[PDB]
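See below for the structure under consideration.
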Amino acid sequence: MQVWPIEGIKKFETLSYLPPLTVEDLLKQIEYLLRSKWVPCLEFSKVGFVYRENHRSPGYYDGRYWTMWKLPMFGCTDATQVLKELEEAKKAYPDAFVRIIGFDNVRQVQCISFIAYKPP
Amino acid sequence: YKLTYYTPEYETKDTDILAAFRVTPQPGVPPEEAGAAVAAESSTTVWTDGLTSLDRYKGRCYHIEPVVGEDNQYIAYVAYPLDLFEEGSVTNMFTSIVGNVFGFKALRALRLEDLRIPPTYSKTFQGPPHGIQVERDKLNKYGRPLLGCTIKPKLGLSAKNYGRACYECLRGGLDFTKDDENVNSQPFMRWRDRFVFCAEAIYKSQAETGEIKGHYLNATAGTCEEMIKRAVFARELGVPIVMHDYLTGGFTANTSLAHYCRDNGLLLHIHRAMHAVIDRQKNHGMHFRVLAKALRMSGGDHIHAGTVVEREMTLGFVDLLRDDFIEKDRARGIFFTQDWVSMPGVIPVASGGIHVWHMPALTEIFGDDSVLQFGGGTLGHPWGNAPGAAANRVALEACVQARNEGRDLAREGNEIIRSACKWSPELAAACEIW
Amino acid sequence: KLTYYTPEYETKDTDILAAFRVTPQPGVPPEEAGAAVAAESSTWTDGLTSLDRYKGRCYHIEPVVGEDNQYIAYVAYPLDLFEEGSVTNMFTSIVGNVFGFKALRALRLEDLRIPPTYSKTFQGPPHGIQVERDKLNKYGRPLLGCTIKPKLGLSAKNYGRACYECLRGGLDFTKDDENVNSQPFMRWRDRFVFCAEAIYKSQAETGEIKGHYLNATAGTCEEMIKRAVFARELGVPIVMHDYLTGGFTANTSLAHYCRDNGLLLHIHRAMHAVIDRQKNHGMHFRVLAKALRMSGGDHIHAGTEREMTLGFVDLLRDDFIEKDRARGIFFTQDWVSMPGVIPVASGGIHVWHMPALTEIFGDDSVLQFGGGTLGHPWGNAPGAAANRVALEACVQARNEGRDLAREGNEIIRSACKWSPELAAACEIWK
Amino acid sequence: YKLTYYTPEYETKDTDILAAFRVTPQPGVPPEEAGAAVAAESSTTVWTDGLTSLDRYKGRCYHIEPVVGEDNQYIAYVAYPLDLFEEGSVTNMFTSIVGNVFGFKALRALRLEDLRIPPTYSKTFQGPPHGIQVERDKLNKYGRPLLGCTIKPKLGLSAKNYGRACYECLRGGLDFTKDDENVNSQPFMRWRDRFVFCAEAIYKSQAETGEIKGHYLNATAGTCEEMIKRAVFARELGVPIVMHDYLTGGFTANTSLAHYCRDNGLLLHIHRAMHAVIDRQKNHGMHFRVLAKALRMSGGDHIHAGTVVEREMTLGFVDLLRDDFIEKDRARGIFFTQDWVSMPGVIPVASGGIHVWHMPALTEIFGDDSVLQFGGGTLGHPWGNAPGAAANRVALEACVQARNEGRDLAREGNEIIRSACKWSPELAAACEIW
Amino acid sequence: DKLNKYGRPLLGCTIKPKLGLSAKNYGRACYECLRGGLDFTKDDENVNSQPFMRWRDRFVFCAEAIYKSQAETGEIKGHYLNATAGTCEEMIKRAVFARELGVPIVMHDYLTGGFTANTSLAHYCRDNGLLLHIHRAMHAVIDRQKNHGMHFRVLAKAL
Ligand SMILES: NC(=O)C1=CN([C@@H]2O[C@H](COP(=O)(O)OP(=O)(O)OC[C@H]3O[C@@H](n4cnc5c(N)ncnc54)[C@H](OP(=O)(O)O)[C@@H]3O)[C@@H](O)[C@H]2O)C=CC1
Ligand SMILES: NC(=O)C1=CN([C@@H]2O[C@H](COP(=O)(O)OP(=O)(O)OC[C@H]3O[C@@H](n4cnc5c(N)ncnc54)[C@H](OP(=O)(O)O)[C@@H]3O)[C@@H](O)[C@H]2O)C=CC1
Ligand SMILES: NC(=O)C1=CN([C@@H]2O[C@H](COP(=O)(O)OP(=O)(O)OC[C@H]3O[C@@H](n4cnc5c(N)ncnc54)[C@H](OP(=O)(O)O)[C@@H]3O)[C@@H](O)[C@H]2O)C=CC1
Ligand SMILES: [Mg+2]
Ligand SMILES: [Mg+2]
Ligand SMILES: [Mg+2]
Ligand SMILES: [Mg+2]
């Protein structure tokens with residue numbers, strides 16, 4: 001019988017319970033977005049989790065928004081292009097978490113979000 | 001008269017509320033007569049009739065056809081004028097359409113299968129306090145079905161021991177934990193005490209994992225004053241979601257709660273207790289899809305939709321609950337093209353004897369916009385609630401990853417799960433018992 | 001069976017008992033079906049409590065005479081499972097989940113034994129039969145009412161006009177159709193105003209207390225109470241609610257408001273047939289009737305088979321009702337002084353039915369005549385007079401010792417001799 | 001008539017409220033006559049009697065027997081119908097049963113010894129705002145009696161100096177400190193000021209020790225408006241417990257306070273000031289057990305139960321206050337089998353000249369579900385309040401540890417305490433003065 | 001003085017597209033604009049409460065954005081939350097929640113909402129310390145032509 005850890009395994013929603021993704025697995029998820037006609041975008045933060053500082057009313061949380069890395073990659077057809085931006089972000093902010101999100105102009109909304117990099 | 005109420009050449013108006021009834025006439029009652037009766041008895045000689053125009057207030061059967069269901073059975077389509085209904089009142093809609101006709105002697109049995117809610121009427125309802133999109137944005141969750149677990153045993157646990165189970169389940173990977181439908185306020189556990197301990201559990205698990213957590217706190221009560229009193233304290237605690245059993249509590253009360261949740265930013269989880277009393281039998285009652293459309297109108301962010309382990313019928317009302325425009329498809333129980341003119345959708349909740357091995361199918365059938373509610377599926381894990389929740393969260397994400405890569409969940413389901421067992425001892429242990 | 005089938009369990013005076021008509025799937029023994037009904041309608045964390053203390057249990061199973069594969073399973077639920085004063089929770093706990101169990105082809109809740117310990121946690125009827133009679137100063141006869149027709153399409157004023165004419169002719173009440181709440185053709189506040197004028201005009205004219213069941217059924221609890229509040233301001237004696245479509249949580253709140261403000265509450269049972277029609281599945285009306293008496297109501301529609309009706313009528317009106325299978329009374333019911341509800345008879349009845357209606361229901365009832373009043377060839381007032389005369393003629397005859405069941409028609413024919421109004425009515429309704 | 005009201009063959013109904021009266025008839029009054037009078041005079045010729053059925057509203061003496069108490073004394077059992085009582089009103093219960101009969105000339109003296117509260121009546125009362133179990137869970141305290149100290153001197157201290165004493169006592173190991181029953185609001189110390197400083201003390205001691213602390217803030221007042229105003233501010237301060245003198249304040253007011261505490265999550269400590277005016281004498285009045293059952297019904301989480309240094313009588317009403325089912329046991333003052341049908345229990349509070357050496361006996365007699373309230377027992381410690389509290393906390397835990405190991409507290413009490421003095425200088429110093 | 005800003009014109013940006021964005025995506029734009037150096041972001045005049053974005057949801061996400069950008073930059077930030085509504089009860093209900101959120105400024109379209117309603121809102125803002133941004137939607141219907149109507153200066157003095 002194993003006891004589920006209480007520290008060191010903080011999460012980042014969808015896919016964060018799987019082992020660290022390889023470059024190939026990461027590419028596949030990006031391609032999923034592209035094939036689905038969704039727009040990929042990178043976000044980064046030095047704080048990786050939600051908290052409540054300014055309010056505690058229903059539905060209000062701080063730490064949900066992260067910072068946008070450049071802009072949504074509209075018209076992207078090459079998943080490796082996203083990887084390139086991911087690498088640049090990691091170089092500019094090695095001590096920051098970086099996640100990949102996706103937008104749909106059809107559903108007019110954010111519909112994707114998965115961690116892509118975590119600092120040492 | 002058959003042709004006062006049976007009008008086979010009538011063209012429905014874009015403002016009419018349409019109904020599809022499965023009618024079983026008594027022996028000796030012609031289908032045209034049965035249809036006319038259904039329309040007449042669910043709508044409109046006395047001198048007062050001369051002080052108005054009865055024709056503008058009568059319901060009318062514009063079509064009837066023998067159904068493939070069984071013995072002398074027919075589907076009768078009835079059209080009701082917009083003016084018969086009180087704006088924003090599901091209660092009045094039900095009263096007007098199913099309040100009297102089911103007891104008519106000339107009918108051996110009757111079941112309401114569907115309703116075409118015109119935009120002119122649906123626009124008079126607030127609808128879901130938030131809806132699918134807003135909820136995902138509020139909780140910052142995307143790309144996968146949500147996960148939850150109902151606390152067990154149902155009754156008998158102290159408020160604190162109840163919260164303990166909540167925390168362990170949530171910290172393991174589930175997005176929500178939940179009060180059983182029967183859990184309101186009782187001698188063994190008063191509601192305020194439960195709200196206090198579940199709040200501690202919600203926040204402890206959230207701080208530990210870094211992910212937003214919630215627990216459907218049941219506000220169902222004996223009176224509207226009590227129901228609101230519970231919603232108000234949840235509001236004070238700042239938790240994200242509350243719960244209501246809309247059928248046992250009722251539509252008048254549910255609508256009030258939905259309004260409170262909208263005014264206070266609370267998500268509203270809806271349990272369908274007692275639905276089987278009404279929607280089980282094919283020959284008499286009201287099909288769940290009608291009860292589902294009614295809930296979307298009255299207001300709810302989540303609604304229980306049953307299990308997946310008939311499929312087409314379930315998928316049918318799932319679309320009726322989530323989509324903006326659903327095309328007529330009788331093969332899936334959709335008797336009328338339904339346009340919701342942007343009313344938010346409701347997240348369908350799948351629960352009932354589901355475990356890790358069902359993850360591929362569930363993800364496949366429902367897609368991301370759903371809540372997969374477990375019971376023993378998580379609480380029955382050999383290592384406890386936290387490991388059980390982890391096993392379910394891992395199993396789900398493994399399915400999502402595989403689906404996103406283009407794999408066939410319906411055919412590769414077992415392999416996907418078996419493969420995930422390799423790096424997840426928790427999942428492996430779960431796959432050994434089930 | 002199981003942990004759930006305990007055929008020698010002695011029910012406790014505090015247990016809520018249920019009688020289920022169960023139709024097992026092929027291959028499912030009655031014992032197993034019964035245990036399942038009890039298990040599915042009740043119950044590592046189990047180790048933190050006692051499952052036996054909270055389990056529902058089937059203590060008796062019996063077949064249904066003359067039925068194929070049908071049994072009556074009796075289940076006992078401990079008092080602690082239910083929230084006090086909440087019919088909503090009682091329904092949720094007992095019928096919230098079990099009707100969908102695959103092992104059962106069909107399931108119907110026939111009766112419920114409400115223990116005094118639980119019923120004492122409910123206010124019950126805002127007033128009840130006796131208080132209503134004293135408030136309205138009416139004794140020795142069934143009350144008379146009429147539903148305004150056409151249902152919808154009339155203006156608030158024309159609606160009130162019909163009210164006045166009906167009441168001045170001898171009816172005690174007129175009423176809003178169950179579908180009449182608030183609509184484009186007639187908004188509720190306008191209807192309340194004109195109906196109020198009609199109530200007081202007819203009362204001043206006749207000298208007898210009048211009322212109109214003003215429907216407060218609404219989309220939200222806020223609207224429902226707002227309507228009851230204005231009725232209160234108007235000083236009228238009675239309001240109404242469709243308890244099943246509005247719901248128990250809302251009905252209970254309304255019942256409390258009515259008790260706090262001296263308002264009588266007429267309860268319509270719209271949509272009941274969706275649940276109580278079929279013998280194989282659903283919930284028998286007597287269950288819905290007990291639920292209303294508990295939640296709160298002064299009147300409740302009971303329809304117009306015969307023995308079954310008399311059965312739930314007693315369950316609605318009396319203090320103590322002994323078990324009687326012949327009348328569908330599965331459990332001895334003790335209401336420990338909770339007031340009774342006046343049953344309302346309605347549906348295709350006219351003057352010629354007065355003898356039978358009076359004989360079957362007795363004085364403590366309301367006989368509601370829709371077309372039986374508005375259909376009179378001379379109008380509402382003469383129509384009301386004919387019904388009032390017909391009823392009093394029956395009452396007089398019964399009081400003298402005559403047999404309404406055998407002399408009914410002869411009693412009506414004699415009244416036609418001095419009542420031109422009744423004579424005209426009888427000519428049309430045969 | 002003796003046999004209108006004296007019905008020796010009457011079988012009590014499960015819904016009757018039963019009473020056991022200790023009756024002392026005047027010379028010349030037969031016991032049957034006295035019993036009949038007690039029943040008749042505490043319940044039901046005028047023509048109006050003919051408009052109802054007096055038999056269904058009369059109380060009746062179904063048994064009378066000479067008692068072993070003293071000179072011409074008897075225990076008379078009276079049965080009262082359920083319909084005589086207003087639901088949820090202890091006030092009406094008292095009025096109906098003891099409102100008039102005690103002044104009857106034919107009785108030299110009368111004392112109400114017990115009452116059988118049927119489930120049908122008790123279920124109409126909220127009862128304790130929380131009860132034993134909930135309290136333990138809320139404060140996270142298990143396995144031992146709770147500890148508290150009443151601040152002294154009673155009156156004369158400034159609000160701040162009062163809070164200072166609170167903090168020192170609490171930081172030393174006590175779970176609670178408390179306002180004397182006489183401390184409400186006076187010239188030397190207004191209530192709001194006391195609440196402010198005691199709140200600072202509660203939180204300072206809690207942060208220092210890491211254990212949840214509380215101070216019974218007395219809300220007893222001259223009016224219900226003032227009483228609630230005090231409860232409301234305690235609620236604002238977020239403290240865990242308030243206090244009320246239910247007998248001097250009254251049942252109507254106590255019930256309202258109990259409801260407020262339930263609606264706001266506040267524990268309610270109940271002091272029994274003035275009880276001796278009523279329950280001291282064996283020949284006349286009302287025994288405390290009746291006042292205790294009344295409090296459990298009206299509502300309270302703690303209730304003073306006296307000291308242990310007659311024992312059997314105390315243990316008797318202690319069970320009546322905490323247990324769910326108490327079997328008839330006249331040797332312990334229990335004249336009727338009492339079933340509370342899950343109404344929460346009340347924690348009994350022992351206070352009055354108790355010190356460290358009494359810990360073994362107190363723990364032994366009351367068990368874990370109790371509050372041991374000291375006075376000088378802690379405030380009289382040679383090194384101050386903190387050391388005094390520590391000595392009492394150490395003494396108590398030493399007793400618990402020994403009891404848990406199976407040792408006999410009643411026989412090994414002194415050795416257990418002496419042994420603990422070896423490693424606790426604070427306890428040693430306390431055992432030298434007492 | 002309240003915002004601690006001196007010596008320069010204030011800067012703001014109206015979020016685009018006008019309608020169509022989800023409340024969260026709307027707040028995202030707010031945060032990015034504010035963190036870059038602008039003092040305010042703003043709800044388009046047409047943005048009140050609609051099917052695609054209900055007002056309370058927008059207030060919640062814009063509040064998160066306001067505080068995130070402020071904590072990051074160290075400068076006081078704000079977002080004109082539009083309280084313009086169909087009724088005075090709704091208008092105040094929106095102002096009240098902004099008050100609960102503790103944000104510094106709200107917004108109203110005084111001409112389309114009307115002076116009776118605007119005056120009430122102005123009083124609420126004074127009683128609760130809220131700044132009030134006023135949009136002049138529909139002014140051109142009245143002040144465009146030189147020959148007929150009312151020149152904007154009259155509408156300005158009125159405001
Ligand atoms: N002039 C003409 O053209 C004629 C008119 N009519 C007459 O007009 C009058 C109409 O009023 P009346 O029928 O008394 O009462 P209402 O129409 O006011 O109905 C009262 C109750 O009757 C029951 N009910 C009536 N219709 C049905 C139905 N379709 N299926 C199930 N239950 C039904 C319902 O009982 P619950 O709520 O208990 O289920 C309903 O609440 C009658 O006297 C009728 O004979 C008929 C023939 C001739
Ligand atoms: N350790 C053990 O002894 C074992 C325990 N169990 C397991 O325990 C778990 C219990 O949780 P689970 O079943 O997932 O969910 P729940 O028991 O929480 O039930 C959730 C929903 O399932 C439906 N439901 C369940 N029972 C019935 C019934 N009797 N009739 C009709 N519908 C029913 C209802 O759906 P709706 O509201 O939509 O009508 C209900 O709302 C499962 O995993 C089950 O396999 C079973 C075998 C072994
Ligand atoms: N330093 C010194 O000068 C000394 C001081 N004291 C000590 O000071 C301490 C005082 O606190 P303590 O006595 O524990 O408790 P309190 O004085 O706080 O009294 C608590 C309870 O004791 C009961 N009580 C006390 N006095 C009486 C009385 N006069 N008549 C009836 N009942 C009474 C009451 O019980 P209820 O409400 O249940 O009726 C009262 O509620 C003790 O330890 C005492 O021994 C005494 C000797 C020496
Ligand atoms: Mg459940
Ligand atoms: Mg009707
Ligand atoms: Mg004292
Ligand atoms: Mg603009």
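To be explicit about the labels: the chains of the structure tokens are called A, B, and onward in the order shown, and within each one the residues are counted from 1, while ligands get numbers from 1 in the order they are shown.
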Contact set, chain D to chain C: 10 Å, only C-alpha atoms, as a PyMOL selection string: chain D and resi 14-15+82-83+87-88+118-126+341-343
Distance-based interface of chain B with chain D, 9 Å, counting only C-alpha atoms, as a list in words: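 Therefore, the residues near the partner are residues 158, 159, 160, 161, 187, 188, 189, 190, 192, 193, 196 and 197 of chain B.
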Expected answer as number ranges by chain: residues within 6 Å of ligand 3, only C-alpha atoms and all ligand atoms: D: 150, 272-273, 304-306, 351-355, 374-377, 380
Contacts of residue C:181 at 7 Å or less, counting only C-alpha atoms, minus same-chain residues fewer than 6 places along, as a short mmCIF file (atom, residue, chain, number, x, y, z; two decimals) with N, CA, C and O atoms, in the first residue's frame?
data_model
loop_
_atom_site.label_atom_id
_atom_site.label_comp_id
_atom_site.auth_asym_id
_atom_site.auth_seq_id
_atom_site.Cartn_x
_atom_site.Cartn_y
_atom_site.Cartn_z
N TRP C 188 -51.63 38.51 -13.36
CA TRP C 188 -52.16 38.16 -12.05
C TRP C 188 -52.68 39.28 -11.16
O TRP C 188 -53.75 39.16 -10.57
N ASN C 215 -54.83 31.83 -7.67
CA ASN C 215 -53.64 31.01 -7.91
C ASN C 215 -52.32 31.77 -7.72
O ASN C 215 -52.06 32.76 -8.41
N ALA C 216 -51.50 31.29 -6.79
CA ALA C 216 -50.21 31.92 -6.51
C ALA C 216 -49.06 31.12 -7.11
O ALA C 216 -47.89 31.48 -6.96
N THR C 217 -49.39 30.02 -7.79
CA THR C 217 -48.38 29.18 -8.43
C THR C 217 -47.56 30.08 -9.35
O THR C 217 -48.12 30.85 -10.13
N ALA C 218 -46.24 29.98 -9.27
CA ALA C 218 -45.39 30.83 -10.09
C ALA C 218 -44.06 30.18 -10.47
O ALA C 218 -43.77 29.06 -10.05
#
What are the residues of chain A lining chain B at 7 Å or less? Count only C-alpha atoms, and put the answer as a PDB file with N, CA and C atoms, in the first residue's frame.
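Output contents, as saved in out-v4.pdb:
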ATOM      1  N   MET A   1       0.841  -1.191   0.000  1.00  0.00           N
ATOM      2  CA  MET A   1       0.000   0.000   0.000  1.00  0.00           C
ATOM      3  C   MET A   1       0.881   1.249   0.000  1.00  0.00           C
ATOM      4  N   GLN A   2       0.675   2.125  -0.979  1.00  0.00           N
ATOM      5  CA  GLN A   2       1.458   3.352  -1.075  1.00  0.00           C
ATOM      6  C   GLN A   2       0.631   4.584  -0.713  1.00  0.00           C
ATOM      7  N   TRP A   4      -0.224   8.476  -1.028  1.00  0.00           N
ATOM      8  CA  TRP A   4      -0.111   9.549  -2.008  1.00  0.00           C
ATOM      9  C   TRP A   4       0.643  10.733  -1.400  1.00  0.00           C
ATOM     10  N   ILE A   6       2.214  14.300  -0.220  1.00  0.00           N
ATOM     11  CA  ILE A   6       1.573  15.540   0.209  1.00  0.00           C
ATOM     12  C   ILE A   6       2.325  16.779  -0.284  1.00  0.00           C
ATOM     13  N   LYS A  10       2.708  19.180  -6.912  1.00  0.00           N
ATOM     14  CA  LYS A  10       1.682  20.179  -7.195  1.00  0.00           C
ATOM     15  C   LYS A  10       1.286  19.958  -8.654  1.00  0.00           C
ATOM     16  N   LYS A  11       0.046  20.280  -9.010  1.00  0.00           N
ATOM     17  CA  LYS A  11      -0.412  20.036 -10.376  1.00  0.00           C
ATOM     18  C   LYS A  11      -0.767  21.247 -11.243  1.00  0.00           C
ATOM     19  N   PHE A  12      -0.945  20.997 -12.540  1.00  0.00           N
ATOM     20  CA  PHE A  12      -1.253  22.051 -13.503  1.00  0.00           C
ATOM     21  C   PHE A  12      -2.386  21.619 -14.427  1.00  0.00           C
ATOM     22  N   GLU A  13      -3.413  21.028 -13.836  1.00  0.00           N
ATOM     23  CA  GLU A  13      -4.564  20.555 -14.582  1.00  0.00           C
ATOM     24  C   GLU A  13      -4.250  19.483 -15.632  1.00  0.00           C
ATOM     25  N   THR A  14      -5.028  19.453 -16.707  1.00  0.00           N
ATOM     26  CA  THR A  14      -4.889  18.435 -17.745  1.00  0.00           C
ATOM     27  C   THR A  14      -3.499  18.010 -18.214  1.00  0.00           C
ATOM     28  N   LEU A  15      -3.225  16.718 -18.013  1.00  0.00           N
ATOM     29  CA  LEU A  15      -1.983  16.043 -18.385  1.00  0.00           C
ATOM     30  C   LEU A  15      -0.890  16.084 -17.321  1.00  0.00           C
ATOM     31  N   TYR A  17      -0.879  14.768 -14.537  1.00  0.00           N
ATOM     32  CA  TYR A  17      -0.807  13.532 -13.763  1.00  0.00           C
ATOM     33  C   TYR A  17      -0.087  12.434 -14.545  1.00  0.00           C
ATOM     34  N   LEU A  18       0.330  12.761 -15.764  1.00  0.00           N
ATOM     35  CA  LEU A  18       1.067  11.814 -16.597  1.00  0.00           C
ATOM     36  C   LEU A  18       2.545  12.096 -16.357  1.00  0.00           C
ATOM     37  N   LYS A  28       2.882  15.807 -30.410  1.00  0.00           N
ATOM     38  CA  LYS A  28       1.594  15.225 -30.719  1.00  0.00           C
ATOM     39  C   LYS A  28       0.437  16.065 -30.156  1.00  0.00           C
ATOM     40  N   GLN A  29       0.560  16.517 -28.923  1.00  0.00           N
ATOM     41  CA  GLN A  29      -0.494  17.343 -28.345  1.00  0.00           C
ATOM     42  C   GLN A  29      -0.651  18.656 -29.099  1.00  0.00           C
ATOM     43  N   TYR A  32      -2.472  18.071 -32.241  1.00  0.00           N
ATOM     44  CA  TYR A  32      -3.883  17.866 -31.947  1.00  0.00           C
ATOM     45  C   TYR A  32      -4.600  19.210 -32.054  1.00  0.00           C
ATOM     46  N   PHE A  49       0.643  28.186  -9.130  1.00  0.00           N
ATOM     47  CA  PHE A  49      -0.648  27.731  -8.637  1.00  0.00           C
ATOM     48  C   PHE A  49      -1.625  28.825  -8.253  1.00  0.00           C
ATOM     49  N   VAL A  50      -2.882  28.433  -8.083  1.00  0.00           N
ATOM     50  CA  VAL A  50      -3.922  29.382  -7.725  1.00  0.00           C
ATOM     51  C   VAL A  50      -3.835  29.720  -6.249  1.00  0.00           C
ATOM     52  N   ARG A  56     -12.362  36.344  -1.658  1.00  0.00           N
ATOM     53  CA  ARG A  56     -12.686  34.957  -1.365  1.00  0.00           C
ATOM     54  C   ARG A  56     -14.148  34.666  -1.673  1.00  0.00           C
ATOM     55  N   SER A  57     -14.749  35.479  -2.536  1.00  0.00           N
ATOM     56  CA  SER A  57     -16.145  35.277  -2.911  1.00  0.00           C
ATOM     57  C   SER A  57     -16.219  34.107  -3.893  1.00  0.00           C
ATOM     58  N   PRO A  58     -17.400  33.483  -4.024  1.00  0.00           N
ATOM     59  CA  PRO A  58     -17.568  32.346  -4.934  1.00  0.00           C
ATOM     60  C   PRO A  58     -17.042  32.601  -6.343  1.00  0.00           C
ATOM     61  N   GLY A  59     -16.232  31.674  -6.844  1.00  0.00           N
ATOM     62  CA  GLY A  59     -15.693  31.812  -8.185  1.00  0.00           C
ATOM     63  C   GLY A  59     -14.513  32.750  -8.355  1.00  0.00           C
ATOM     64  N   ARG A  64      -4.958  32.444 -11.583  1.00  0.00           N
ATOM     65  CA  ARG A  64      -5.521  31.691 -12.704  1.00  0.00           C
ATOM     66  C   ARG A  64      -4.859  32.194 -13.981  1.00  0.00           C
ATOM     67  N   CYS A 111      -9.920  26.561 -24.710  1.00  0.00           N
ATOM     68  CA  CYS A 111     -10.377  25.183 -24.568  1.00  0.00           C
ATOM     69  C   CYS A 111      -9.249  24.201 -24.252  1.00  0.00           C
ATOM     70  N   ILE A 112      -8.026  24.710 -24.144  1.00  0.00           N
ATOM     71  CA  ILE A 112      -6.863  23.868 -23.862  1.00  0.00           C
ATOM     72  C   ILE A 112      -5.871  24.524 -22.900  1.00  0.00           C
ATOM     73  N   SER A 113      -5.185  23.694 -22.119  1.00  0.00           N
ATOM     74  CA  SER A 113      -4.164  24.158 -21.185  1.00  0.00           C
ATOM     75  C   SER A 113      -3.410  22.982 -20.563  1.00  0.00           C
TER      76      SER A 113
END
Contacts of ligand 7, 8 Å or closer, only C-alpha atoms and all ligand atoms, given as a PyMOL selection string: chain E and resi 14+18+43-46
Using N, CA and C atoms, can you export the residues from the last selection as a PDB file, in the first residue's frame?
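Contents of result-v1.pdb, freshly written:
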ATOM      1  N   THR E  14      -9.591  50.558 -24.608  1.00  0.00           N
ATOM      2  CA  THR E  14     -10.895  49.907 -24.662  1.00  0.00           C
ATOM      3  C   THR E  14     -10.648  48.503 -25.199  1.00  0.00           C
ATOM      4  N   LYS E  18     -15.316  44.308 -29.442  1.00  0.00           N
ATOM      5  CA  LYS E  18     -16.420  44.797 -28.627  1.00  0.00           C
ATOM      6  C   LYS E  18     -17.192  43.667 -27.951  1.00  0.00           C
ATOM      7  N   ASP E  43     -14.556  48.720 -20.543  1.00  0.00           N
ATOM      8  CA  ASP E  43     -15.650  47.977 -21.165  1.00  0.00           C
ATOM      9  C   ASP E  43     -16.197  48.860 -22.274  1.00  0.00           C
ATOM     10  N   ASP E  44     -16.457  48.288 -23.443  1.00  0.00           N
ATOM     11  CA  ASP E  44     -17.029  49.085 -24.515  1.00  0.00           C
ATOM     12  C   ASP E  44     -18.394  49.565 -24.012  1.00  0.00           C
ATOM     13  N   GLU E  45     -18.889  50.672 -24.558  1.00  0.00           N
ATOM     14  CA  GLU E  45     -20.178  51.213 -24.131  1.00  0.00           C
ATOM     15  C   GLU E  45     -21.312  50.202 -24.290  1.00  0.00           C
ATOM     16  N   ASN E  46     -21.207  49.354 -25.308  1.00  0.00           N
ATOM     17  CA  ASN E  46     -22.228  48.344 -25.585  1.00  0.00           C
ATOM     18  C   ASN E  46     -22.151  47.146 -24.647  1.00  0.00           C
TER      19      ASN E  46
END
Picked from chain A by DSSP as helix (DSSP H, G or I), as a PyMOL selection string: chain A and resi 23-35+79-92
Export C-alpha atoms of the chosen residues as a compact mmCIF listing (two decimals), in the first residue's frame?
# COMPACT_ATOMS: atom_id res chain seq x y z
CA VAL A 23 9.48 16.10 -27.13
CA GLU A 24 7.60 13.65 -29.36
CA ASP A 25 4.58 13.35 -27.07
CA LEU A 26 4.56 17.12 -26.68
CA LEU A 27 4.55 17.55 -30.47
CA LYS A 28 1.59 15.22 -30.72
CA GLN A 29 -0.49 17.34 -28.35
CA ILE A 30 0.42 20.47 -30.31
CA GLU A 31 -0.57 18.76 -33.56
CA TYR A 32 -3.88 17.87 -31.95
CA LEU A 33 -4.56 21.58 -31.53
CA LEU A 34 -3.50 22.39 -35.08
CA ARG A 35 -5.58 19.59 -36.59
CA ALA A 79 3.92 22.13 -34.57
CA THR A 80 7.71 22.48 -34.36
CA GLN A 81 7.16 26.24 -34.54
CA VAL A 82 5.49 26.07 -31.12
CA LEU A 83 8.38 24.00 -29.76
CA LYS A 84 10.72 26.76 -30.92
CA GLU A 85 8.85 29.38 -28.92
CA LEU A 86 8.76 27.01 -25.96
CA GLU A 87 12.55 26.75 -26.11
CA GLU A 88 12.96 30.54 -26.32
CA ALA A 89 10.69 31.02 -23.30
CA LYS A 90 12.68 28.46 -21.32
CA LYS A 91 15.89 30.31 -22.20
CA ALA A 92 14.50 33.73 -21.26
